Structures are given as C-alpha cells and as structure tokens.
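Data block below; observations after.
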Number of protein chains: 2
Amino acid sequence: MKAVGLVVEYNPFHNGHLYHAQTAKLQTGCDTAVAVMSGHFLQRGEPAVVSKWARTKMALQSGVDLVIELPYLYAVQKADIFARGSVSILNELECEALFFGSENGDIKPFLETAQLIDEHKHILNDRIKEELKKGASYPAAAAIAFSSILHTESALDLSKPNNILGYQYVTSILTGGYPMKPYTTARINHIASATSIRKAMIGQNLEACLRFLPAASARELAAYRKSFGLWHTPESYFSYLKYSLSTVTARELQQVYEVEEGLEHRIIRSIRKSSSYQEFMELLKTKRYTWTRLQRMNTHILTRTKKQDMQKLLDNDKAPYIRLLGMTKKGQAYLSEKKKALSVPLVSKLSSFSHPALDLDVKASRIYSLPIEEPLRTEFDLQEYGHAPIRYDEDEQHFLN
Amino acid sequence: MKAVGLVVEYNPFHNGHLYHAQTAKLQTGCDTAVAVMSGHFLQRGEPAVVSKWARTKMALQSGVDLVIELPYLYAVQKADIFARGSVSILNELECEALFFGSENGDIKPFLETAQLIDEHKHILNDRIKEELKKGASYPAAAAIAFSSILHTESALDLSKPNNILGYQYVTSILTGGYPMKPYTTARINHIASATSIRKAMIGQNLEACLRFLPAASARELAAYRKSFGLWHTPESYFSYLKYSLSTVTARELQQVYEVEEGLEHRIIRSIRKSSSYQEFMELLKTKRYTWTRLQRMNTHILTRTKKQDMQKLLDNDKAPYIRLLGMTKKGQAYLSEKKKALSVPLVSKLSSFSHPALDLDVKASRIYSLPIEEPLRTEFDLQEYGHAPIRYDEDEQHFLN
Ligand SMILES: Nc1ncnc2c1ncn2[C@@H]1O[C@H](CO[P@@](=O)(S)OP(=O)(O)OP(=O)(O)O)[C@@H](O)[C@H]1O
Ligand SMILES: Nc1ncnc2c1ncn2[C@@H]1O[C@H](CO[P@@](=O)(S)OP(=O)(O)OP(=O)(O)O)[C@@H](O)[C@H]1O
C-alpha cells in the first residue's frame, strides 16, 4: 500500500489543486493521496475561507485520500519551518513520495541547488560575514553570498513562492534524510489562482469562479456561507485585533511570537488610529517585516501566541501528534495498515489526547468562529470535539456520517 | 460660595435625576452642584448606554455645574468601595454637603444607624466570631450579628438600593473625617425609573419615555444614536467577552479581579456553549455570586483587570486624580477657586497626568467603543484623548468647543 504526501491549504480547493491531486497518484504511483493541510489560519497568515472541515470535504472529493491538520504551530510560520513540520508529518505517516506544483516543473534544479548549497555552506557564511563586517544587512549579505553561486542561467527563481516552498520541502527531506522521494511540476474547467478566485468571491461573485473550481468545491463553499453567513476575511477579525490590543500592555505584547523588541509601541499606537486593517498595516511596515510576516504577527496577536509557547514547542525535531481530519476508503485502509506504526498519538476524538500544541490549534479554532453570528457560532464551536472524523466513499459518492 | 456633592451614574439623566439635583441645591442651600459620575461602566457591572461625554452634556444643562468622572477604580465595586471613592472625590472638591436620595426624606435614620454600627463595630465583629465558630457561613453570621443591634425598628431599610448607597456615603464621610454634611430626600411630570427608560430606548422606541426625559437629554441621546449608530447594551460586548476567555489561561483567569479562587473553571466551562450574555450569566450564577457581582467580574474580564493592580490602587486613601468631563461657567468658577487647593491633579486633557488608575479609565473606554461599527468606532475613540472639558453657559446655550 503506497501513499504520496501533499503539503496543502485548500482555500478554496480549485482546478489546479484537483489536477495536482490526480497527477499525484498518477506520477508518484501511489494508490493513496495523503495531505497535511493548514487548519484555520494559514501560512500566508490569513484566516481560511471556510473551516478545515468543509475544505476537507472539497479535498476528499477531488482525489485526496487522507487529510491531516497541519498544526497552527507549523501552519502559521516562515516557509522554512512550515516545510519542516509538514514534510515531518508526511514522513510519520510514511509517505514514500512527495508531490508539489511549482514555477519550475523541474525537480533537478531543486535537488541541484540544495546539494550545491550544502556543498558550499562554509563559503556562504564566510562571504555573508565578509559583507556583514563591511556593514551589509542580513538579507543583502545573504543575497550576495548566495549570488556568489547559483546565479547561472538555471533560473529557478527562488524569488517565486512555489520554488521557495518546494526547495524547502526538498531541503527538509535531504536534511532529514527522509526515505521519501520528492516530485514536482509546473502550474497553469479552466484555472485561475486561489487568490484571484478569493478576491472574486469578495467581489460578490461565486459562479463566476465555477470554471476555476471543481463541483465539490463550489458545492461546499455555498453551504458554508449559507450556514454561517460569511466567508472569513482577515478584515473580519479587525475588531478583535482592536479589542485584543486594547487590553494588553507593552511588555505583554513584547512577548507575543513574531513581535520584535520595541515594535509593540508602534503597534499599540497605530491600532488606535487605524479604522482599517489596511491602514493598520501601512502604519506598521518596517523593512525587517514582509507583509506576510506582519499578517502572521497579527494572527499571533489575535490568538495570543507567545514567544515561549512557540519557541519551546518549535524546538522538537518530530511532530507532536497526528490530527485526522478526513479519510476516504483508500485513506481508511492506509491509516489502518500503518496505524500501529505511528510514533506519536493519533488524534481522532479530541478527548483522547491533550497537548500544548493541540491546545493551540483549539485556541485558533475558537478564534476562527468569532465573526460568526450566534446561535451559529456556539454551534460552530462544537465541531472541534463532537465531530466524528469525516469519512467519504470514493466509489459513488457517500459520506458515512 | 458652597458646594453640594452628588453621587450619580446618570443612566441616562431623566427628570428624576433633575429632581435630585435641584432638590439638592435647594435643600442643602448650596449654589453649586458637583456630581461625581461613573463614566462607561457602572456600579452593578454593566455598560453605560451612551458616552460619558454626552451624559456630561446632558447634566450640564440640567443644573449640574461640575462633572467629575468617578474612576473605574472605584466605579465598578459594591456600594462601600464605590461610596468610599466617590466620597473621597467629593471631599477633595470641598463640597459642604453630600445629597443622596432614598425612599426617605429624612436624613436621621442613616445617621442613627451609622453611629450604631460605627460604635458597635467591635461588638459586631466579636459577635461574628462566635457565629462563624458555631459553623455558620460568613454572611449568615453577619446577618445574625447585625440582627442583634439593628432589629429595633428605626427603621433603616438596607434593601432599597439607594438607601444602602446612602448609608455607605454616611459611613465614608464618618470614617474619613470629612467636613461633609449628608442630606437626603425621598425619591419620587411624575418621573419614571432609569432602567425602564433604558428598555424603552433598547426596544428602539425612545418615544414612550419622553415626558420623563429632560429635553436636552432627548436631544443629546438621539444625537448619540445618529452620531455613533447605536445604544449600548451588555449583550453588545458578549462576543468580546467570548474572545477574552478564549485568549486567557485558567491561571491567568485566576488573577482577574473578582474571579475568586477556583471559579475560573466554571467560567471557562460556561463560556464556550453560551450564545448569549444571558445564558452565560445563567450557567455562571452561584450562591457565592449575585447577578450584579458576576456582571462586575465579567466586566473586569472584559477590561482584563488584574487583582494585584486593583489592590495596589484601592490602597490609595484618596482619589488618584480629579477627572474633568465638563463644567458650567459656575463649575468653571468654583473650580478655578478650589483648584489651587486640590492635592491631586485636575485632568482636562489626558496628556496632563499619568496614573495607573487613569490607564484603567482610558482602557475602559477603548473596550467601551468596540461595538461601534468601524470607522465610527475610531472617530469615537479619538475623543477620550481628544475631548477637553465640555463647557456649557447657563446664560442659555453656549458650548465653547
Ligand atoms: N494550477 C496549479 N498548477 C500546478 N500546481 C498547483 C496549482 N495550484 C496549486 N498547485 C500546487 O498544489 C499544492 C497545493 O497548493 P496550496 O493548496 S499550498 O495553494 P497555492 O498553490 O499556494 O495557491 P495557488 O498558488 O493560488 O494555487 C502546492 O504545492 C501548489 O504549488
Ligand atoms: N425621581 C427621583 N427622585 C429623587 N431622587 C432621584 C430620582 N432619580 C434619581 N434620584 C437620585 O439621584 C441620584 C443619582 O441616581 P443614579 O443616577 S445612582 O440612578 P438610580 O436613581 O439608582 O437609578 P434607578 O434607581 O434605576 O432610578 C441618587 O441619589 C438618586 O437617589
């Protein structure tokens, strides 16, 4: 029994993710598609459009045989970390293959690059420090030390996000020596981006996207906004940002993960004067901050994730548990074959196991429902517990729950 | 030139608060009424229905010359600390008198009882000893001891609220040593209660309660609706309380003012399944905790105010500052006269002092404003720092700002 690992956030799951889930089992020759998926808040930092449950349902119907949560711990993080944790989990489940889309359909410049870099790493740090002492900044001196190599005609721009994430998966693998072989391909009824789609739904358009989405995906989104009366946007949580920053002191906000020393003053000062999440952001920007890092920071503020929480939990080199979000027939059989093999707990009912990282995913799960109006919100908050793990019948369409 | 102090929440100012003020000036023989007022969160633990700037504007034209904010420090407390703080504020302001309403026009029985409990305090306490030793609860013992000296029919009714408030005022003037003379009248355009007028407005219908409202009150009220788009209810804040108990740890929740040892768990159990502040209060209520005390707790859980900060600030024997909301030309005169004599700062613009208790005040407002739909919330927020004292001219209608 063979599975291919898929590092994903389906937000929503679109034609590109569909083609990638069919080609996964095609090109990696594994009978099973196992995805680790960001739960509620994601790597880009934003809230998911729809809960991890219903996105699970867009996935199980599009050819993903198994779906596990990527803990907030790994999910909302710099890609170097995000990659590590995700691949880590795909290896605990013993996925022999890994498969990603990318701006370079060629795996060879990925492998070549990483191998090349570790081949020279000493050179890299000598030239980095040789620029640094000359007064160069961190990313500059790194950009220079790195462009001292790799800059040949190869391209594979690692200025491109998928090349980044993919290089980082591959790096996590090699570094870890995982017996999981990586694969990649380029990205192109039709296909537009998850984000173009998203902003198109923000623009009061859903079926406009239907060419860009499979059936299950749209069918799912519709029932979500139907039930809870919203698509979740970063802006939707602005009040709770305001509120949350309203009660905190400087020293306490200093301790939140991804808040650099001294910036707490700027944050606290700016949130007052910002009638918009956008204004808030522009008031916050420093060149030591990407925009995604600012979003991530804002999430950590929202969920009150502390430097010591995150750093005492990031230390470990294995994954704390496996959260099972959903499974197919194939998925079920795979999880059954390898069940006893897991070196870490398999969490189905939350009741079974309690963990600080788990406590953190639940935390995010409660923060997620806040823009939901009640009674709907109180009922939403049930799903993290008394939700029996989703199951779906691959052959002719059945959910057994 | 002699001042009569009033202890008031004005929620909102109605024709009866008008009775209070004008009867005050007339009965005490003072030409100046100074009111110390709970601003955005009141004695029983709930929010004001309209901003303290507005209600200041109301009273200023209804015959109050000075409006001083009762710090949150003393405002959300049971009657004795509430009265301790407000009476310290009035004593700082050199009021010859303190005029409080009850169902009694007679100032005497408050005096008689006051001295009675004041002198028997030894006897009373010693009598609580024996009763706790027999196995009674403390309140039981308390009722038993009070009953021995008190049950003579004086008859001071400690049931009717404003009577209790009266008694504690008398008590504070007594142990404080203030040169203050308590006065009083029976409470009774026949006036209607503040609350039923609230329910009126809440029901969106402000038209039933008019004849009971001074005109300016009606104006500034509807002006607050039209300006900021709501009347404030406790339920407005439920979602935010729901955020607060999400982002707190039970150890952290134990340090919240009025969360007594061990209750934080009942709290957390109750919040996740409660769709309303009502239901929440319902599951929460205990014998150890009355409705209003729980509203106080829930409020402190909103402001996330810690116990040690609180104790620190309650330790101060006089009010940390005198906070100026508004003044007439008379109030301005009286102020300029007694200002030299104030022993703690007079605050007009917020930049004029820094104290932990004022931080508390400003944060209380920052929480208060949240229900306002953004950007209007931000505009409102600009006031606490923005608004300098509201100045009315009794020679009719000149506001100078
Ligand atoms: N059209 C496409 N072609 C090829 N690969 C694709 C793809 N769309 C996604 N993938 C790959 O499918 C995997 C899942 O992508 P996530 O679920 S992490 O979302 P995302 O891809 O960043 O969003 P998007 O860019 O708006 O589509 C990734 O490795 C992708 O490279
Ligand atoms: N109609 C009236 N007659 C006499 N005194 C009155 C009065 N209305 C108010 N006062 C006095 O005015 C002062 C301020 O009362 P707060 O502003 S604290 O509200 P509250 O009166 O408790 O509200 P309620 O009980 O729901 O009606 C008190 O000394 C009152 O005795």
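Side chains included, hydrogens not; waters and symmetry mates left out as well; all remaining heavy atoms used. By convention in this document, chain letters (A, B, ...) are assigned in the order of the sequence lines, proteins followed by strands, and residues within each chain are numbered from 1.
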Point-to-point distance, once rounded to the nearest 0.5 Å, from CG of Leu245(B) to CD1 of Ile267(B): 6.5 Å
Contacting region of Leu376(B) [heavy-atom separation from chain A under 4.5 Å]: neither
Non-hydrogen atoms of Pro345(A) and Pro320(A) that approach each other most closely: CD-O, 3.5 Å
From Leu358(B) atom CG to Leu350(B) atom CG, the distance as rounded to the nearest 0.5 Å: 5.0 Å
Top contributor to chain B interface from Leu302(A), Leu382(A), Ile367(A), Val248(A) [non-hydrogen pairs under 4.5 Å]: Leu302(A)
Distance, nearest 0.5 Å, that separates CD1 of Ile68(A) from CG of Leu325(A): 7.5 Å
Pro371(A) to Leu230(A) - nearest heavy-atom pair and separation: CB-CD1, 3.5 Å
Smallest separation among heavy atoms of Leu221(B) and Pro12(B), with atom names: CD1-CG, 4.4 Å
Region of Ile301(A) in contact with chain B, defined by heavy-atom distances below 4.5 Å: backbone
Trace of the side chain to side chain contact (heavy atoms under 4.5 Å, CB included) decision for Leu360(B) with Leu313(B): CA-CA 10 Å; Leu360(B) 211 40; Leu313(B) 298 175; 3.9 Å; yes
I'd like a table of the N/O donor-acceptor pairs between chain A and chain B - cut-off under 3.5 Å, distance only.
{"residue": "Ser239(A)", "atom": "OG", "partner": "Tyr240(B)", "partner atom": "OH", "Å": "3.3"}
{"residue": "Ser239(A)", "atom": "OG", "partner": "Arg377(B)", "partner atom": "NH1", "Å": "3.1"}
{"residue": "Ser239(A)", "atom": "OG", "partner": "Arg377(B)", "partner atom": "NH2", "Å": "2.3"}
{"residue": "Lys242(A)", "atom": "NZ", "partner": "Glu374(B)", "partner atom": "OE1", "Å": "2.7"}
{"residue": "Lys242(A)", "atom": "NZ", "partner": "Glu374(B)", "partner atom": "OE2", "Å": "3.0"}
{"residue": "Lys242(A)", "atom": "NZ", "partner": "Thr378(B)", "partner atom": "OG1", "Å": "2.5"}
{"residue": "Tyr243(A)", "atom": "OH", "partner": "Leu302(B)", "partner atom": "O", "Å": "3.1"}
{"residue": "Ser244(A)", "atom": "OG", "partner": "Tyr243(B)", "partner atom": "OH", "Å": "3.2"}
{"residue": "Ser246(A)", "atom": "O", "partner": "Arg366(B)", "partner atom": "NE", "Å": "3.3"}
{"residue": "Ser246(A)", "atom": "O", "partner": "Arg366(B)", "partner atom": "NH2", "Å": "2.8"}
{"residue": "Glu252(A)", "atom": "OE2", "partner": "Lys306(B)", "partner atom": "NZ", "Å": "2.8"}
{"residue": "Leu302(A)", "atom": "O", "partner": "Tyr243(B)", "partner atom": "OH", "Å": "2.3"}
{"residue": "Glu374(A)", "atom": "OE2", "partner": "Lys242(B)", "partner atom": "NZ", "Å": "2.3"}
{"residue": "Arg377(A)", "atom": "NH2", "partner": "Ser239(B)", "partner atom": "OG", "Å": "3.3"}
{"residue": "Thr378(A)", "atom": "OG1", "partner": "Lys242(B)", "partner atom": "NZ", "Å": "3.1"}
{"residue": "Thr378(A)", "atom": "OG1", "partner": "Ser274(B)", "partner atom": "O", "Å": "3.4"}
{"residue": "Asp381(A)", "atom": "OD2", "partner": "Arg272(B)", "partner atom": "NE", "Å": "2.9"}
{"residue": "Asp381(A)", "atom": "OD2", "partner": "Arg272(B)", "partner atom": "NH2", "Å": "3.4"}

